[PDB]
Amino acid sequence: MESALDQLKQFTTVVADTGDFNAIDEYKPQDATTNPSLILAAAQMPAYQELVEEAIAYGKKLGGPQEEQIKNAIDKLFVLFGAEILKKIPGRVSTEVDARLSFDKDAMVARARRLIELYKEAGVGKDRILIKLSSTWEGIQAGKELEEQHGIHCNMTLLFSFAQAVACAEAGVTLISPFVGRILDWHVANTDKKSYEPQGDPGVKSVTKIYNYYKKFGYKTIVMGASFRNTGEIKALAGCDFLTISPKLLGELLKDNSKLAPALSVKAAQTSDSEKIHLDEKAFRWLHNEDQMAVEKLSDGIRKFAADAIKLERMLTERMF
């Protein structure tokens, strides 16, 4: 008698969505993911103050104006959590670039390369890292550049529209994190339907559509559903390549013993009604704009993560100067 979590692993690679690395091992995941918000929350926990202190000391030691010291400390902090996480898992860890760079391709490429150098400085090879980038047109092209010119593997996040998914596939990025929960959020707030059956959940439908397109046309980019509101959405996506889940929902799955069966499959994808398209910049911007939810959620997701960066740098600034 296996838990829903153990069954899910038979059809999908499980990933833990958190910076709270002490809570990861209980769920024995393959990979783990962090983001500006998760790092901010973890950096505020007593259990991880030594990391914050080490980040602060690193920035101070290198010296320079506040801007320089803060950049060194916050990037070092992101890397320290990443390194501790890698010690708890056999796979990769995702680390996100400051969201304030989302519309600056060259800055994201540089920041991504910088994070990789810091990991190396910490004794971690790039093969165990996934750099997360906002899926704006600039972010996707940054990903294509990182992959093709530097062998730096990326995780394209805040992916809501089909246009973003297509752009990422064409970019040849290592992995994508199409959101589920925030899509449900939008529909509940912007439509008369406040509740859905698992397979009818708009976020579930989005990942399903993206998964089928990718598998049908043979794109190698890994599909990892992300952001969940309930276990129903997660179960409805079993069969998906990867799924990153919060410790809370992972706990629910570990306690649940009902039977699970995959809803997604490569074979079912090959017979789907997907139609291959190609998007240059202007085609992408138009198609993305046709998806109101995606426009608003990508935009808000960027503002929120930037706010988490600002808040984290403030917390550091008040302890460094």
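From 1 onward, residues are counted along the sequence shown.
Of 191 to 199 and 214 to 222, which one has the bigger average CA B-factor? In the deposited entry, the stretch with the higher C-alpha B-factor mean is 191 to 199.
As stated in the PDB record, which stretch has the larger average Cα B-factor, 248 to 256 or 265 to 273? Higher mean C-alpha B-factor in the PDB entry: 265 to 273.
Per the entry's Cα B factor values, which of 178, 172, 239, 123 stands out as the maximum? The C-alpha B-factor peaks, among 178, 172, 239, 123, at 123.
Chain-relative CA temperature factor third for residue 310: Middle third, going by the recorded CA B-factors of the chain.
Sorting the chain's modelled residues by C-alpha B-factor, tell me whether residue 88 ends up in the lowest, middle or highest third. Highest third, going by the recorded CA B-factors of the chain.
Chain third (lowest, middle, highest) by recorded CA B-factor, residue given as residue 299: According to the entry, residue 299 has a C-alpha B-factor in the chain's lowest third.
Lowest, middle or highest third of the chain for the C-alpha temperature factor of residue 68? It falls in the top third of the chain.
Could you say whether, by C-alpha temperature factor, residue 49 belongs to the lowest, middle or highest third of its chain? As the PDB entry reports it, the C-alpha B-factor of residue 49 lands in the highest third of its chain.
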